[PDB]
Each structure stands twice: as C-alpha cells, then as structure tokens.
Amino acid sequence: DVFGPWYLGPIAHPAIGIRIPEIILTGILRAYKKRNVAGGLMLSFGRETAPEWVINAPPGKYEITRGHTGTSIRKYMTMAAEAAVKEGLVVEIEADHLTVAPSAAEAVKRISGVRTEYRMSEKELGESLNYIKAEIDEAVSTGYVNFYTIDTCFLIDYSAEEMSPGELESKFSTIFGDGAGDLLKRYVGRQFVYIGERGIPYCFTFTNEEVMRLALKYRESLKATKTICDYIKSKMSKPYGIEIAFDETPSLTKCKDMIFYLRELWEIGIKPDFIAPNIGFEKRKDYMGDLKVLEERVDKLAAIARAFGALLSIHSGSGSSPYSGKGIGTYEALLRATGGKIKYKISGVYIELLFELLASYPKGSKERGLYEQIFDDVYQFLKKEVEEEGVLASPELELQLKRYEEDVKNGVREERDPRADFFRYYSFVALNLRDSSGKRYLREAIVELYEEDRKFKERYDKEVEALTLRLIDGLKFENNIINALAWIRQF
C-alpha cells in the first residue's frame, strides 16, 4: 500500500507551495483527496523557506527575503508528509528553486520586475552552493524529500551571444580543448525533429557559431547544476527527480537553447523529469499575450522536453487574482499544447487569498484589524527600506509606493487596498516581520486566528480547497494518481 511522500516521476501533477503549512494544508489535501490527485507540496529554497538556523536566527542577522514565510525546510516537509500519511494520500515533497544567487533579495527582485543585472563573485558562487548543500542536508534529514528543482539562471552568460566571431572561437577552443570537435559534432549539420501534440514536426539545425555561443552561454549554469546534482546524489538513499528551472530569465526560452541544455545535461548523466521554460507568464498577472502564439510555443517546447523524457513545469501559475486562474482560455491552450501532460506550480496566491479574505471583513472586526495591521506594517517596512536603502530598496519599489500614495490622494484607490501593486508584490514580508522579542508577530497572529477561530478556519479552508479544485479541474489532473502508480510500480 502506497501513501505519504513518494517520488512520482515525469507525470502530470500540480505542485503547490505551502507558505504557512498550518493554515493551508487542510484545504489543499481535501481537494487532492476529492479529485483523486497525486500532488506536490513545496517551498522555494531560494526565497520562501530556509534552514532552521536561518529561520530561528535573531532579528537582523538575515535579510527579510531569506525564508520570508517563516517556514523552515524541516517544518514544511514534516507537516506535509505527516498530514498526507494521516489522510491516506500520496504526495510528492518537493524542494522548489534551489537557487544560485548572491542573495535572497536579488532572487526576489528578479521576479518582482526589478532591473538589477548584478554579477556574482567566486566567493559568492561558493557560498551560494554551500547554502544550497546545507538546505539539502535539512531536506534529507527529514526522511521525506522526493524531488528537487535546480535554478542556476543567475549564471547564464548573456555576453556569449554578443562576442565577436574571433573572441567566440578563441574562448570556445580554450575552454573545451580536445572536446571541442565532439561538442560541435553532437549538433552541427544535423536535422533535429521533434513532434508535438499537434502532430506538427518541428525542424531545427545548428551552425558552429550557434553551438559555440550556447556552450559559452551555459557552461557555468551546467557546471553548478552538476555540482548540485552530485551532492544530492551523494545524500539520497531513496529515488528522486530533478526539475530544471529555466523560467526566471529576461527573455522567452528559445527552442534551440532548450535542446542544447537538455542534451548537455544528458551527456553528463543528468536527465531531468521536468523543465520550466520562460513562456511569457508573469507573477501576479493573467496571461497578457496571444493565446495562439502561446499554444504554438508550448507545443514546440513540450515536444522537445518529451524527447528527453521530460514534461514542462509551469511556473508563475497564479494570475491577477485568487479567483482568475491564469486568464480565460489559458489552461485550454496549455492542455492542447501538452495533451494534459504537464506540471503546474502555484504558491504565493494562497497568501494573497488569505489577505484579501481578511481585508473583506468589516472595519470593526478583528479579522479586518489584523488585515489593516498587516498592510500598515508592510507599507511602513518598505518605506523604511527605501528610506534606509535596505536590501529590498529599488527604483521600482519606490515608484509603486508613490503610485499607491498618489492614487489614495486622488481617490482613485481606497486606503489599504490589498490590490495596490506594492502590496501585491511585497506583502510577503509580513510573514517575516518581528516584534521586539523577535517573534513573527503577524504570522503568529494569522495562525492564532485560524487555530482559535472556528468560522475563520472554515471560510479559509473552503477558499483554499476551492482554489485548488479550480486548478485541478482547469488542467485535468483528476485521477492523475494512475500514472504516478504506474511509475512507482516500476521500482
């Protein structure tokens, strides 16, 4: 009998972040149980979660952005595993975005519309890797981790695309040496053909110059991915999978880049189950492009991933509102493009939902008082970050803060609107703000409200379940457990 944490393999499934496992797990597991779903439960190792020793550190040691949910790796993994065992459910415990980066604030800025174009030192690379290993150690120590997403997008060298032909060749020869010819031979003068769900065969060929650029573009990303995957392999006594996070990049993912990246991974002995391309999805927004163009693009990239025994993993899955999915028509275009064989990720949307729910109670109520305190403390914390040029300060944040001010001044927007841009993007800091005794006072209050107020618990659980069911029914994950067991049985 199969239940609790299992590695599900490259099969269609939702994977859902649990920023406050205490309040979110009931509604999610209800929905999973109702639609007979094998789902993932996760948090991002670069931003949302952190090791215990980061979480339990005193105020001020670590940037607000590191483990900003207040939820440790041990905690989310143990709570989710144990909840699932208790509910008789198969789930996958995933470590989302193992992120190479100089800081969590940079990893956050990256997905909040902030132009930083920072460049990492060698010591920084080393420490980021050590941070990741330590995070891994905590995951492994729980006995429950099934799956890791690796994010080395910070290491992608965009200068390789702009090098002079003479500089290019010279660097290529020097780096790759006697392996240069082998590397070119894998690609140049070959017609690659990948067939999508549509039945359209897509043709790709490569010039030497293209291969040389791709190779220089991705060498550091590939090397770090290798180091991370070797460390995971050295520590895991149970089977697991890898996802490549390839989505937090400045432009759309190109077909040839992905062919190359997956193939080079393959050459060094890494076969991801999932790859997450940039397809034009943005955090906190319904899809803002042409649905036909989207389907076309996803059909191609899905076909490519398929030939490497992989599915696409869709990040930035939540949209403009907790109720909007990712826009009308968006799920249908993804399903046609993938025949339903797809992994889809959401996380932050559950806290947006929490906050708007609190905001919807009447002034006079404690629920709404709590909301207003959250909003006020966030606003003031961020003003102070801009004021003191703290770690989250940026021109973009400053503008959003001014936009909110202007709008309330001109009666365009009401005070404490949870839809104000700055709050939508930066409300996450609420869960890591601390009182003078260093407690996460707002996260503690939320959990208290939930644990002690029966009517609040009930309404939130219903909203969480409902949101998870919209995702499940929208992307046809109902009964996906069948393929998960077909994978597991093979072992």
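The first residue of the shown sequence is 1; numbering continues from there.
As recorded in the PDB entry, 78-86 is the stretch of 217-225 and 78-86 with the greater mean C-alpha temperature factor. Looking at mean Cα B-factors across 369-377 and 338-346, the upper value is held by 369-377. The PDB entry gives the largest Cα B-factor of the residues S318, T330, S128, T116 to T116. The PDB entry gives the largest Cα B-factor of the residues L98, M163, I259, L354 to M163. Looking at the C-alpha B-factors along this chain, the one for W6 belongs to the middle third. Residue-level temperature factors show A302 in the lowest third of its chain, judged at the C-alpha atom. Looking at the C-alpha B-factors along this chain, the one for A245 belongs to the lowest third. In the deposited entry, the Cα temperature factor of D286 sits in the middle third of values across the chain's modelled residues. In this PDB entry, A57 carries a Cα temperature factor that places it within the highest third of its chain's modelled residues.
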